[PDB]
Structures are given as structure tokens and as C-alpha cells.
């Protein structure tokens, strides 16, 4: 039963808990890392968003995180191909570091294309003003069902800059082949919302430690989300 503690089931031993998890240790592009060495480009965008306000399929606690799953109606388009948004879920603290800076919370937007290839967008939160985009999720977890719309098309800023590289899932089975999009700009979250989200995740950090970095090639990129 894998977790984030430092006992028999912790991240240092995930590989021992099941054969499927062996890549958690043996892989050469495990995530997260500290993003510190990266390149710049003047190339045009290759990322477009096809998000719309959507009622979650489910809002629930699973795999140590608070997760909102969605019907397959939202997509990111990358290199001309659609990747359907499966879920949004949270990590506290944020898992990726950017020039050794941490954030107290991040969201992962998890996508998959028709071929089954994974694309994950990560974005951090900084403690600040109330973020009304989070309220349908907070209201939805403590509610039976009939979940309210999540404003997916208002969640990110208009313009984003992100770090783009290949890595892995940050929880078992740690599958590689992941295209990561780690957004530089933080969203806001209030102290109250931050406490509430952390409590829904059992006040138990669900941040995988940074993994060995085998010269990960990272390009800094921009895109418009509208």
C-alpha cells in the first residue's frame, strides 16, 4: 500500500511494492526534478487548449490526492493531436521545483491521446486571494454527487510560459513516456482554501521527492490558453 511516508511503503521503496512499480527506481526520466537548466526558443506555439466549463464525473479522494475526474469532452491539442483531459488532482507541496523554488500546492491536469500517450500540465498556487475556480471542487468533495461545473476555461491565465520535457508519472506505477508542461506563473489560493484542500488530502503531504536527473532536456515555451 504505497504512500509518502518514510517506512515500508514510502517513495524510497515503491519499486519493491509491486513489479509494475520497478521503474520508480530503475527509470532514467523519473519525475519530479528541479527545473534549473533549460533552453529558450523563438519558435511558434504547438499547444492549444479546448477546455470548457464542465461538471465533474466524480470529485473524490484517491491515491492520496483530491481528484476531479471529467467526462471525455475537454482536450489539449499538442503537435496537432487531441489529448483528452481525464482529471485534475492536487499535490501539496508542489512536486516540481523551478530554480529551487517550491509552491505550497499544485494541480496536475492529466491527459491522454488516442494512442494512450500521457500529457500532464502542472501549475502551482501561491497563497493569496480566494480563487473561485476551486470552489466547485471543494464544494463537490464534501457533497454526495450532483457536482457543480468546474470553470476549466477560466482556470489558467490567458498567456502561459511553461517548462517542457519528458519525464514520468509522479506516483506509482511511475510510468515514463510523459510529456510534461510545467507552468511558470502561479495561480492564487486563499489561506482558507489551502487549508481546506490539504485537509481533504488528510493533512498528509503527497509530494514525491525529486528524482535523479539524467540531463533532462528542457525547453521553455509559451502558449495562449484562449
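Residue numbers count along the first chain shown, from 1.
The deposited model assigns a higher average Cα B-factor to 157-165 than to the other stretch when 177-185 and 157-165 are compared.
Higher mean CA temperature factor between 117-125 and 136-144: 136-144, per the PDB entry. Set against one another, the Cα B-factors of 37, 40, 44, 57 in the record reach their highest point at 57. Per-chain ranking of the deposited C-alpha B factor places residue 216 in the lowest third.
Residue-level temperature factors show residue 199 in the middle third of its chain, judged at the C-alpha atom. Ranked by C-alpha B-factor against the other modelled residues of its chain, residue 64 falls in the middle third.
The deposited CA B-factor of residue 150 belongs to the highest third of values across its chain. Ranked by C-alpha B-factor against the other modelled residues of its chain, residue 82 falls in the middle third.
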